[PDB]
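Shown below: work_31.cif, with mmCIF, N, CA and C atoms; chains and numbers go by the auth columns.
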```
data_structure
loop_
_atom_site.group_PDB
_atom_site.id
_atom_site.type_symbol
_atom_site.label_atom_id
_atom_site.label_comp_id
_atom_site.label_asym_id
_atom_site.label_seq_id
_atom_site.Cartn_x
_atom_site.Cartn_y
_atom_site.Cartn_z
_atom_site.B_iso_or_equiv
_atom_site.auth_seq_id
_atom_site.auth_asym_id
ATOM 1 N N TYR A 1 -85.145 -65.916 -162.294 0.00 1 A
ATOM 2 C CA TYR A 1 -86.145 -66.046 -163.392 0.00 1 A
ATOM 3 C C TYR A 1 -86.076 -67.422 -164.053 0.00 1 A
ATOM 4 N N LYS A 2 -87.229 -67.906 -164.515 0.00 2 A
ATOM 5 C CA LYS A 2 -87.317 -69.214 -165.166 0.00 2 A
ATOM 6 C C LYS A 2 -88.732 -69.485 -165.681 0.00 2 A
ATOM 7 N N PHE A 3 -89.735 -69.168 -164.856 0.00 3 A
ATOM 8 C CA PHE A 3 -91.135 -69.380 -165.217 0.00 3 A
ATOM 9 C C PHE A 3 -91.796 -68.069 -165.650 0.00 3 A
ATOM 10 N N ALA A 4 -93.107 -68.124 -165.894 0.00 4 A
ATOM 11 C CA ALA A 4 -93.870 -66.950 -166.303 0.00 4 A
ATOM 12 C C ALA A 4 -95.370 -67.211 -166.210 0.00 4 A
ATOM 13 N N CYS A 5 -96.049 -66.426 -165.374 0.00 5 A
ATOM 14 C CA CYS A 5 -97.491 -66.558 -165.182 0.00 5 A
ATOM 15 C C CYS A 5 -98.242 -66.443 -166.508 0.00 5 A
ATOM 16 N N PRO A 6 -99.342 -67.202 -166.664 0.00 6 A
ATOM 17 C CA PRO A 6 -100.156 -67.166 -167.884 0.00 6 A
ATOM 18 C C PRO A 6 -100.945 -65.860 -168.022 0.00 6 A
ATOM 19 N N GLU A 7 -101.067 -65.115 -166.917 0.00 7 A
ATOM 20 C CA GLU A 7 -101.798 -63.853 -166.915 0.00 7 A
ATOM 21 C C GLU A 7 -100.847 -62.654 -166.952 0.00 7 A
ATOM 22 N N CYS A 8 -99.851 -62.640 -166.057 0.00 8 A
ATOM 23 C CA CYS A 8 -98.892 -61.534 -166.005 0.00 8 A
ATOM 24 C C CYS A 8 -97.538 -61.912 -166.582 0.00 8 A
ATOM 25 N N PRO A 9 -96.738 -60.880 -166.870 0.00 9 A
ATOM 26 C CA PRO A 9 -95.397 -61.022 -167.429 0.00 9 A
ATOM 27 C C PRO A 9 -94.321 -61.276 -166.361 0.00 9 A
ATOM 28 N N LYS A 10 -94.742 -61.408 -165.098 0.00 10 A
ATOM 29 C CA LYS A 10 -93.817 -61.645 -163.995 0.00 10 A
ATOM 30 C C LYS A 10 -93.057 -62.955 -164.170 0.00 10 A
ATOM 31 N N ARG A 11 -91.734 -62.872 -164.070 0.00 11 A
ATOM 32 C CA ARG A 11 -90.875 -64.044 -164.198 0.00 11 A
ATOM 33 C C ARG A 11 -90.339 -64.457 -162.827 0.00 11 A
ATOM 34 N N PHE A 12 -90.723 -65.651 -162.381 0.00 12 A
ATOM 35 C CA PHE A 12 -90.285 -66.165 -161.085 0.00 12 A
ATOM 36 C C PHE A 12 -89.141 -67.161 -161.279 0.00 12 A
ATOM 37 N N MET A 13 -88.504 -67.565 -160.182 0.00 13 A
ATOM 38 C CA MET A 13 -87.388 -68.511 -160.244 0.00 13 A
ATOM 39 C C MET A 13 -87.867 -69.961 -160.390 0.00 13 A
ATOM 40 N N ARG A 14 -88.972 -70.307 -159.723 0.00 14 A
ATOM 41 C CA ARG A 14 -89.510 -71.669 -159.784 0.00 14 A
ATOM 42 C C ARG A 14 -90.990 -71.668 -160.142 0.00 14 A
ATOM 43 N N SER A 15 -91.440 -72.750 -160.781 0.00 15 A
ATOM 44 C CA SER A 15 -92.842 -72.893 -161.182 0.00 15 A
ATOM 45 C C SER A 15 -93.783 -72.736 -159.986 0.00 15 A
ATOM 46 N N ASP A 16 -93.408 -73.324 -158.847 0.00 16 A
ATOM 47 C CA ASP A 16 -94.226 -73.244 -157.632 0.00 16 A
ATOM 48 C C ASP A 16 -94.379 -71.798 -157.158 0.00 16 A
ATOM 49 N N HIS A 17 -93.345 -70.976 -157.382 0.00 17 A
ATOM 50 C CA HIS A 17 -93.386 -69.565 -156.990 0.00 17 A
ATOM 51 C C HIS A 17 -94.574 -68.855 -157.648 0.00 17 A
ATOM 52 N N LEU A 18 -95.003 -69.368 -158.807 0.00 18 A
ATOM 53 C CA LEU A 18 -96.134 -68.802 -159.534 0.00 18 A
ATOM 54 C C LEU A 18 -97.406 -69.547 -159.200 0.00 18 A
ATOM 55 N N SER A 19 -97.367 -70.871 -159.329 0.00 19 A
ATOM 56 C CA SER A 19 -98.533 -71.718 -159.054 0.00 19 A
ATOM 57 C C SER A 19 -99.361 -71.195 -157.874 0.00 19 A
ATOM 58 N N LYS A 20 -98.685 -70.757 -156.812 0.00 20 A
ATOM 59 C CA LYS A 20 -99.373 -70.217 -155.640 0.00 20 A
ATOM 60 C C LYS A 20 -99.768 -68.755 -155.868 0.00 20 A
ATOM 61 N N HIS A 21 -98.928 -68.023 -156.606 0.00 21 A
ATOM 62 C CA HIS A 21 -99.178 -66.612 -156.908 0.00 21 A
ATOM 63 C C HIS A 21 -100.211 -66.439 -158.032 0.00 21 A
ATOM 64 N N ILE A 22 -100.251 -67.363 -158.992 0.00 22 A
ATOM 65 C CA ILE A 22 -101.192 -67.252 -160.110 0.00 22 A
ATOM 66 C C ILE A 22 -102.636 -67.326 -159.649 0.00 22 A
ATOM 67 N N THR A 23 -102.956 -68.308 -158.824 0.00 23 A
ATOM 68 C CA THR A 23 -104.320 -68.462 -158.317 0.00 23 A
ATOM 69 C C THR A 23 -104.849 -67.154 -157.711 0.00 23 A
ATOM 70 N N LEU A 24 -103.962 -66.375 -157.087 0.00 24 A
ATOM 71 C CA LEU A 24 -104.345 -65.094 -156.478 0.00 24 A
ATOM 72 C C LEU A 24 -104.126 -63.932 -157.447 0.00 24 A
ATOM 73 N N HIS A 25 -102.986 -63.939 -158.145 0.00 25 A
ATOM 74 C CA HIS A 25 -102.671 -62.881 -159.096 0.00 25 A
ATOM 75 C C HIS A 25 -103.650 -62.920 -160.269 0.00 25 A
ATOM 76 N N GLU A 26 -104.153 -64.117 -160.591 0.00 26 A
ATOM 77 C CA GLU A 26 -105.130 -64.258 -161.660 0.00 26 A
ATOM 78 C C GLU A 26 -106.467 -63.670 -161.211 0.00 26 A
ATOM 79 N N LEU A 27 -106.668 -63.582 -159.884 0.00 27 A
ATOM 80 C CA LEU A 27 -107.904 -63.020 -159.339 0.00 27 A
ATOM 81 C C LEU A 27 -107.916 -61.500 -159.495 0.00 27 A
ATOM 82 N N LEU A 28 -107.043 -60.823 -158.745 0.00 28 A
ATOM 83 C CA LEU A 28 -106.945 -59.366 -158.796 0.00 28 A
ATOM 84 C C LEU A 28 -105.698 -58.926 -159.560 0.00 28 A
ATOM 85 N N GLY A 29 -104.536 -59.436 -159.144 0.00 29 A
ATOM 86 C CA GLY A 29 -103.286 -59.083 -159.795 0.00 29 A
ATOM 87 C C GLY A 29 -102.464 -58.108 -158.975 0.00 29 A
ATOM 88 N N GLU A 30 -101.836 -58.612 -157.911 0.00 30 A
ATOM 89 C CA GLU A 30 -101.015 -57.782 -157.033 0.00 30 A
ATOM 90 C C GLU A 30 -99.576 -57.701 -157.542 0.00 30 A
ATOM 91 N N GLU A 31 -99.184 -56.514 -158.004 0.00 31 A
ATOM 92 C CA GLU A 31 -97.834 -56.294 -158.517 0.00 31 A
ATOM 93 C C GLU A 31 -96.989 -55.507 -157.518 0.00 31 A
ATOM 94 N N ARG A 32 -95.710 -55.870 -157.420 0.00 32 A
ATOM 95 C CA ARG A 32 -94.786 -55.200 -156.507 0.00 32 A
ATOM 96 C C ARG A 32 -94.480 -53.781 -156.983 0.00 32 A
ATOM 97 N N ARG A 33 -94.101 -53.654 -158.256 0.00 33 A
ATOM 98 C CA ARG A 33 -93.782 -52.355 -158.839 0.00 33 A
ATOM 99 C C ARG A 33 -94.830 -51.947 -159.873 0.00 33 A
#
```
Write-out of the structure in structure tokens:
Amino acid sequence: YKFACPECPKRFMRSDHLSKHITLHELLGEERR
């Protein structure tokens, strides 16, 4: 953990881990759990 998407509360280890996930997660929002 270190970062945090502007849309979801998901905490990733690196900013890039989100940057790629945000563009898609901000669209629909695919959550693991």
Box dimensions and centre (Å, one decimal) enclosing range 2-19 of chain A, axis-aligned, 8 Å extra per side, as JSON:
```
{"center_x": -94.5, "center_y": -67.1, "center_z": -162.5, "size_x": 30.6, "size_y": 28.4, "size_z": 27.0}
```
Determine, counting all atoms listed in the file, which protein, DNA and RNA residues have an atom within 7 Å of an atom of range 20-26 of chain A; residues of the same chain fewer than 6 positions away are not included. Present the result as a ChimeraX atom specification. /A:5-8
Between CA of residue 4 in chain A and CA of residue 18 in chain A, what is the distance in Å, rounded to a tenth?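 One can read the CA of residue 4 in chain A to CA of residue 18 in chain A distance as 7.4 Å.
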Separation of atom N of residue 27 in chain A and atom C of residue 1 in chain A, in Å? 21.4 Å
Which residues would end up in the selection if the PyMOL selection byres ((chain A and resi 12) around 6) were applied here, given that I need the answer as number ranges by chain? A: 1-4, 10-11, 13-14
Complete range 2-20 of chain A at the level of N, CA, C and O atoms, written as an mmCIF file, in the coordinates of the input.
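Result file follows (part.cif):
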```cif
data_model
loop_
_atom_site.group_PDB
_atom_site.id
_atom_site.type_symbol
_atom_site.label_atom_id
_atom_site.label_comp_id
_atom_site.auth_asym_id
_atom_site.auth_seq_id
_atom_site.Cartn_x
_atom_site.Cartn_y
_atom_site.Cartn_z
ATOM 1 N N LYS A 2 -87.229 -67.906 -164.515
ATOM 2 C CA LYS A 2 -87.317 -69.214 -165.166
ATOM 3 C C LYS A 2 -88.732 -69.485 -165.681
ATOM 4 O O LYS A 2 -88.910 -69.977 -166.796
ATOM 5 N N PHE A 3 -89.735 -69.168 -164.856
ATOM 6 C CA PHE A 3 -91.135 -69.380 -165.217
ATOM 7 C C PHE A 3 -91.796 -68.069 -165.650
ATOM 8 O O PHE A 3 -91.136 -67.032 -165.749
ATOM 9 N N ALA A 4 -93.107 -68.124 -165.894
ATOM 10 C CA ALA A 4 -93.870 -66.950 -166.303
ATOM 11 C C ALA A 4 -95.370 -67.211 -166.210
ATOM 12 O O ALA A 4 -95.897 -68.102 -166.879
ATOM 13 N N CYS A 5 -96.049 -66.426 -165.374
ATOM 14 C CA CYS A 5 -97.491 -66.558 -165.182
ATOM 15 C C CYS A 5 -98.242 -66.443 -166.508
ATOM 16 O O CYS A 5 -97.852 -65.671 -167.386
ATOM 17 N N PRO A 6 -99.342 -67.202 -166.664
ATOM 18 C CA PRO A 6 -100.156 -67.166 -167.884
ATOM 19 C C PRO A 6 -100.945 -65.860 -168.022
ATOM 20 O O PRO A 6 -101.435 -65.537 -169.106
ATOM 21 N N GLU A 7 -101.067 -65.115 -166.917
ATOM 22 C CA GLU A 7 -101.798 -63.853 -166.915
ATOM 23 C C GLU A 7 -100.847 -62.654 -166.952
ATOM 24 O O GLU A 7 -101.017 -61.752 -167.773
ATOM 25 N N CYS A 8 -99.851 -62.640 -166.057
ATOM 26 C CA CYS A 8 -98.892 -61.534 -166.005
ATOM 27 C C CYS A 8 -97.538 -61.912 -166.582
ATOM 28 O O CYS A 8 -97.213 -63.087 -166.761
ATOM 29 N N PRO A 9 -96.738 -60.880 -166.870
ATOM 30 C CA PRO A 9 -95.397 -61.022 -167.429
ATOM 31 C C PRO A 9 -94.321 -61.276 -166.361
ATOM 32 O O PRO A 9 -93.132 -61.344 -166.678
ATOM 33 N N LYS A 10 -94.742 -61.408 -165.098
ATOM 34 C CA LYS A 10 -93.817 -61.645 -163.995
ATOM 35 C C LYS A 10 -93.057 -62.955 -164.170
ATOM 36 O O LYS A 10 -93.656 -64.015 -164.374
ATOM 37 N N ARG A 11 -91.734 -62.872 -164.070
ATOM 38 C CA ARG A 11 -90.875 -64.044 -164.198
ATOM 39 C C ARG A 11 -90.339 -64.457 -162.827
ATOM 40 O O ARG A 11 -89.599 -63.708 -162.187
ATOM 41 N N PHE A 12 -90.723 -65.651 -162.381
ATOM 42 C CA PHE A 12 -90.285 -66.165 -161.085
ATOM 43 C C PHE A 12 -89.141 -67.161 -161.279
ATOM 44 O O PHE A 12 -88.839 -67.555 -162.406
ATOM 45 N N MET A 13 -88.504 -67.565 -160.182
ATOM 46 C CA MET A 13 -87.388 -68.511 -160.244
ATOM 47 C C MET A 13 -87.867 -69.961 -160.390
ATOM 48 O O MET A 13 -87.237 -70.753 -161.092
ATOM 49 N N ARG A 14 -88.972 -70.307 -159.723
ATOM 50 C CA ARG A 14 -89.510 -71.669 -159.784
ATOM 51 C C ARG A 14 -90.990 -71.668 -160.142
ATOM 52 O O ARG A 14 -91.706 -70.718 -159.838
ATOM 53 N N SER A 15 -91.440 -72.750 -160.781
ATOM 54 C CA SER A 15 -92.842 -72.893 -161.182
ATOM 55 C C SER A 15 -93.783 -72.736 -159.986
ATOM 56 O O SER A 15 -94.828 -72.091 -160.097
ATOM 57 N N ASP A 16 -93.408 -73.324 -158.847
ATOM 58 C CA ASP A 16 -94.226 -73.244 -157.632
ATOM 59 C C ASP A 16 -94.379 -71.798 -157.158
ATOM 60 O O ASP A 16 -95.423 -71.429 -156.615
ATOM 61 N N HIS A 17 -93.345 -70.976 -157.382
ATOM 62 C CA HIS A 17 -93.386 -69.565 -156.990
ATOM 63 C C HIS A 17 -94.574 -68.855 -157.648
ATOM 64 O O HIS A 17 -95.098 -67.877 -157.110
ATOM 65 N N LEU A 18 -95.003 -69.368 -158.807
ATOM 66 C CA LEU A 18 -96.134 -68.802 -159.534
ATOM 67 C C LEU A 18 -97.406 -69.547 -159.200
ATOM 68 O O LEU A 18 -98.398 -68.938 -158.858
ATOM 69 N N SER A 19 -97.367 -70.871 -159.329
ATOM 70 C CA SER A 19 -98.533 -71.718 -159.054
ATOM 71 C C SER A 19 -99.361 -71.195 -157.874
ATOM 72 O O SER A 19 -100.591 -71.177 -157.936
ATOM 73 N N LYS A 20 -98.685 -70.757 -156.812
ATOM 74 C CA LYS A 20 -99.373 -70.217 -155.640
ATOM 75 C C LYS A 20 -99.768 -68.755 -155.868
ATOM 76 O O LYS A 20 -100.810 -68.307 -155.391
#
```
